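Working notes, structure below.
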Amino acid sequence: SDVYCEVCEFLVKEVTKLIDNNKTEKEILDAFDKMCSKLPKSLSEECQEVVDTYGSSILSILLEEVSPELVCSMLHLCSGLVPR
């Protein structure tokens, strides 16, 4: 029930549609001011920390033609079945 993975995939899904609608980098960071405004209040906070701490980094990887789901896996924000 790691609420962090759910939010990283939500920002990625919302950001790629923004990349698909032809918006500039400056606009994606501008909307980050009303984007957490689309999730119930129960996830408000965990998004502020993800967006504010992992905002330039998430948005920076997406431009390196890397798959959107590889983002939450590379930022170690979604660990795996750590066998050790």
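Quick note on naming: the chains in the structure tokens go A, B, ... in the order shown, residues restart at 1 in each chain, and ligands are numbered from 1 in order of appearance.
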Residue neighbourhood segment 1-12 of chain A, 7 Å, only C-alpha atoms, exclusion window fewer than 3 positions, as a ChimeraX atom specification: /A:15-16,46-47,68,72,77-78
Pull N, CA and C atoms from the residues just selected and write them as a compact mmCIF listing (two decimals), in the first residue's frame.
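Below is the file result05.txt, written as the result:
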```txt
# COMPACT_ATOMS: atom_id res chain seq x y z
N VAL A 15 1.88 14.15 -16.56
CA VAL A 15 2.95 14.91 -17.26
C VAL A 15 3.06 14.45 -18.72
N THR A 16 3.05 13.18 -19.00
CA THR A 16 3.20 12.79 -20.42
C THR A 16 2.03 13.34 -21.23
N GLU A 46 2.11 13.97 0.42
CA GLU A 46 3.10 13.08 -0.22
C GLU A 46 3.38 13.58 -1.64
N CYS A 47 2.49 14.32 -2.22
CA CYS A 47 2.75 14.82 -3.59
C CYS A 47 3.69 16.03 -3.48
N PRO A 68 7.98 5.98 -19.44
CA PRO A 68 7.40 6.66 -18.26
C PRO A 68 7.40 5.76 -17.01
N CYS A 72 9.55 5.74 -12.05
CA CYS A 72 9.41 5.43 -10.60
C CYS A 72 10.38 4.29 -10.22
N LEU A 77 12.18 5.18 -6.12
CA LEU A 77 10.98 5.63 -5.35
C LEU A 77 10.00 4.45 -5.26
N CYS A 78 10.21 3.43 -6.05
CA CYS A 78 9.33 2.22 -6.01
C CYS A 78 10.23 0.99 -5.89
```
Selection near residue 61 of chain A, 10 Å with only C-alpha atoms, sequence-local residues under 4 positions removed, as a list in words: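 Near neighbours after the sequence-gap exclusion: residues 56, 57, 65, 66, 67, 68, 70, 71, 74 and 75 of chain A.
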Requested write-out: N, CA, C and O atoms of the selected residues, as a compact mmCIF listing (two decimals), in the first residue's frame:
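File produced: again.txt:
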```txt
# COMPACT_ATOMS: atom_id res chain seq x y z
N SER A 56 12.17 18.46 -10.77
CA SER A 56 13.07 18.69 -11.92
C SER A 56 13.62 17.36 -12.41
O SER A 56 13.99 17.21 -13.55
N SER A 57 13.75 16.42 -11.51
CA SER A 57 14.36 15.12 -11.90
C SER A 57 13.38 14.28 -12.71
O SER A 57 13.71 13.78 -13.76
N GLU A 65 13.87 10.40 -23.46
CA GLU A 65 13.20 9.30 -24.21
C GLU A 65 13.17 7.99 -23.41
O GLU A 65 13.18 6.91 -23.96
N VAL A 66 13.10 8.08 -22.11
CA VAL A 66 13.03 6.86 -21.25
C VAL A 66 11.54 6.52 -21.02
O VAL A 66 10.71 7.39 -20.93
N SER A 67 11.20 5.25 -20.93
CA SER A 67 9.77 4.88 -20.72
C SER A 67 9.24 5.57 -19.44
O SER A 67 9.99 5.73 -18.50
N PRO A 68 7.98 5.98 -19.44
CA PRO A 68 7.40 6.66 -18.26
C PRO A 68 7.40 5.76 -17.01
O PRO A 68 7.55 6.23 -15.90
N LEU A 70 9.57 3.49 -16.27
CA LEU A 70 10.95 3.25 -15.79
C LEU A 70 11.32 4.38 -14.82
O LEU A 70 12.29 4.30 -14.10
N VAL A 71 10.55 5.44 -14.83
CA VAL A 71 10.86 6.60 -13.94
C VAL A 71 10.69 6.22 -12.46
O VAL A 71 11.60 6.39 -11.68
N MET A 74 13.55 3.76 -11.61
CA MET A 74 14.96 4.28 -11.55
C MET A 74 15.16 5.20 -10.33
O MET A 74 16.18 5.16 -9.68
N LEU A 75 14.21 6.04 -10.02
CA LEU A 75 14.40 6.96 -8.85
C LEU A 75 14.31 6.18 -7.53
O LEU A 75 14.13 6.75 -6.47
```
In chain A, DSSP alpha helix (DSSP H) residues written as a ChimeraX atom specification: /A:3-20,25-31,44-62,69-74
Saved selection, atoms kept: C-alpha atoms, as a PDB file, in the first residue's frame:
```pdb
ATOM      1  CA  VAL A   3       1.145   5.611  -1.576  1.00  0.00           C
ATOM      2  CA  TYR A   4       4.420   6.898  -3.129  1.00  0.00           C
ATOM      3  CA  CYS A   5       4.316   4.620  -6.195  1.00  0.00           C
ATOM      4  CA  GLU A   6       0.669   5.583  -6.851  1.00  0.00           C
ATOM      5  CA  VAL A   7       1.587   9.294  -6.945  1.00  0.00           C
ATOM      6  CA  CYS A   8       4.771   8.905  -9.085  1.00  0.00           C
ATOM      7  CA  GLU A   9       2.740   7.101 -11.752  1.00  0.00           C
ATOM      8  CA  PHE A  10      -0.022   9.728 -11.477  1.00  0.00           C
ATOM      9  CA  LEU A  11       2.381  12.655 -12.057  1.00  0.00           C
ATOM     10  CA  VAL A  12       4.062  10.721 -14.883  1.00  0.00           C
ATOM     11  CA  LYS A  13       0.668   9.943 -16.525  1.00  0.00           C
ATOM     12  CA  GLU A  14      -0.424  13.578 -16.119  1.00  0.00           C
ATOM     13  CA  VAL A  15       2.949  14.911 -17.261  1.00  0.00           C
ATOM     14  CA  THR A  16       3.201  12.789 -20.425  1.00  0.00           C
ATOM     15  CA  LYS A  17      -0.264  13.925 -21.516  1.00  0.00           C
ATOM     16  CA  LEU A  18       1.106  17.427 -20.976  1.00  0.00           C
ATOM     17  CA  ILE A  19       4.156  16.464 -23.076  1.00  0.00           C
ATOM     18  CA  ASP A  20       1.756  14.992 -25.636  1.00  0.00           C
ATOM     19  CA  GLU A  25       9.119  22.742 -19.656  1.00  0.00           C
ATOM     20  CA  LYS A  26       8.335  26.153 -18.093  1.00  0.00           C
ATOM     21  CA  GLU A  27       4.592  25.369 -18.341  1.00  0.00           C
ATOM     22  CA  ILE A  28       4.847  21.899 -16.711  1.00  0.00           C
ATOM     23  CA  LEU A  29       6.552  23.477 -13.690  1.00  0.00           C
ATOM     24  CA  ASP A  30       3.969  26.299 -13.711  1.00  0.00           C
ATOM     25  CA  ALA A  31       1.050  23.819 -13.564  1.00  0.00           C
ATOM     26  CA  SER A  44      -1.952  16.187  -0.853  1.00  0.00           C
ATOM     27  CA  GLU A  45       1.269  16.092   1.174  1.00  0.00           C
ATOM     28  CA  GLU A  46       3.103  13.084  -0.220  1.00  0.00           C
ATOM     29  CA  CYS A  47       2.748  14.825  -3.593  1.00  0.00           C
ATOM     30  CA  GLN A  48       4.299  18.087  -2.392  1.00  0.00           C
ATOM     31  CA  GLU A  49       7.388  16.141  -1.295  1.00  0.00           C
ATOM     32  CA  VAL A  50       7.523  14.147  -4.552  1.00  0.00           C
ATOM     33  CA  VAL A  51       6.867  17.131  -6.828  1.00  0.00           C
ATOM     34  CA  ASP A  52       9.077  19.575  -4.867  1.00  0.00           C
ATOM     35  CA  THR A  53      11.942  17.118  -4.258  1.00  0.00           C
ATOM     36  CA  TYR A  54      11.620  14.986  -7.430  1.00  0.00           C
ATOM     37  CA  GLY A  55      10.111  17.597  -9.783  1.00  0.00           C
ATOM     38  CA  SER A  56      13.073  18.695 -11.919  1.00  0.00           C
ATOM     39  CA  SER A  57      14.357  15.124 -11.900  1.00  0.00           C
ATOM     40  CA  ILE A  58      11.156  13.371 -13.042  1.00  0.00           C
ATOM     41  CA  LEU A  59      10.570  16.028 -15.687  1.00  0.00           C
ATOM     42  CA  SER A  60      14.255  15.748 -16.684  1.00  0.00           C
ATOM     43  CA  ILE A  61      14.175  11.962 -17.309  1.00  0.00           C
ATOM     44  CA  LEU A  62      10.976  12.034 -19.405  1.00  0.00           C
ATOM     45  CA  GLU A  69       7.165   3.586 -15.957  1.00  0.00           C
ATOM     46  CA  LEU A  70      10.953   3.249 -15.793  1.00  0.00           C
ATOM     47  CA  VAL A  71      10.862   6.600 -13.936  1.00  0.00           C
ATOM     48  CA  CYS A  72       9.411   5.427 -10.602  1.00  0.00           C
ATOM     49  CA  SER A  73      11.693   2.332 -10.847  1.00  0.00           C
ATOM     50  CA  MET A  74      14.964   4.277 -11.551  1.00  0.00           C
TER      51      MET A  74
END
```
Separation of atom CA of residue 37 of chain A from atom CA of residue 22 of chain A in Å: 21.5 Å
One-decimal distance in Å that lies between atom CA of residue 81 of chain A and atom CA of residue 40 of chain A: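 Straight-line distance from atom CA of residue 40 of chain A to atom CA of residue 81 of chain A works out to 28.7 Å.
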Atom-to-atom span, atom CA of residue 33 of chain A and atom CA of residue 21 of chain A, Å: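 Atom-to-atom, atom CA of residue 33 of chain A and atom CA of residue 21 of chain A are spaced 18.4 Å apart.
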